[PDB]
């Protein structure tokens, strides 16, 4: 049987909105993931696919997107248990390494993902902290849409400490984000295939300030992210996991 349900896990409202409009999704009103939660769930149906987009929502105290690994892991867990999707797509913005071939505006598919900020100097715990995990292989999607691909390194900091950099260079990542590896951890626990669409908003090895460049390109880059996400959804429609 072909894929019939897809759940997008997106950290920022700014990243989700373009997709919500494109597919005419509606904000769920019956708090299916739990009562009193700030999480936002948009639902719709494109062709033969049920489409849901889940976001961690606004922090109650500050009012900004609840970015990071903890909220991403929670909404991934809750949405999987409630919706039982066939596949998860973690779509969002990220930092990229120019030396690795990444350019502003590129929307990457991810080969595998790791964490660069879970350092535990104990024999097996060390490999556990890194959490190397392969994304669901989608060779045909990659070929047909001609997307770039690379390894993603996740951490809860937007900046990059000296220690972070040493480890990121070591794991040879092309992309840097704040949720990916956590979404993969949860998808693994619940045995749900996960794919990533990461749009480069800033160059970590560039010259411009990370924060400034990120905010400056957010709008145009999330539009590009939607463009690719749309092509991905149309490609998945009618297909089975074996033909991606």
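Between two forms, the rigid core is defined as the largest C-alpha subset superposing within 1.5 Å. Numbering follows the first chain given and starts at 1.
Undergrad: Looking at C-alpha RMS in 4 other deposited structures of this protein with the core superposed, is it 39-47 or 191-199 that drifts more?
TA: The answer is 39-47, which departs more from the shown form in 4 other deposited structures of this protein.
Undergrad: Figure out for me whether 211-219 or 51-59 is the more displaced stretch in 4 other deposited structures of this protein, taking RMS C-alpha distance from the shown form once the rigid core is superposed.
TA: It is 211-219 that deviates more in 4 other deposited structures of this protein.
Undergrad: Comparing 17-25 with 225-233, which stretch shows the greater average C-alpha B-factor in the deposited entry?
TA: It is 17-25.
Undergrad: Looking only at CA atoms, which has the higher mean B factor in the entry: 70-78 or 103-111?
TA: Of 103-111 and 70-78, the stretch with the higher C-alpha B-factor average is 103-111.
Undergrad: When you compare the CA B-factors of 178, 215, 53, 195 as listed in the entry, which one comes out on top?
TA: Out of 178, 215, 53, 195, the record gives the largest C-alpha B-factor to 215.
Undergrad: Tell me, please, which of 40, 62, 199, 186 has the highest C-alpha B factor according to the deposited entry?
TA: Answer, based on the entry's C-alpha B-factors: 62.
Undergrad: Where does the C-alpha B-factor of residue 171 rank in its chain, lowest, middle or highest third?
TA: Highest third - that is where residue 171 ends up once the chain's C-alpha B-factors are sorted.
Undergrad: Please rank the C-alpha B-factors of the chain's modelled residues and tell me whether residue 241 sits in the lowest, middle or highest third.
TA: Highest third - that is where residue 241 ends up once the chain's C-alpha B-factors are sorted.
Undergrad: For residue 123, does the deposited CA B-factor place it in the lowest, middle or highest third of the chain?
TA: According to the entry, residue 123 has a C-alpha B-factor in the chain's highest third.
Undergrad: Split into thirds by Cα B-factor across the chain's modelled residues, where does residue 6 land: lowest, middle or highest?
TA: Its C-alpha B-factor, which the entry lists for residue 6, ranks in the middle third among residues of this chain.
Undergrad: Please say which third, lowest, middle or highest, residue 133 falls into when its CA temperature factor is compared across its chain.
TA: Middle third.
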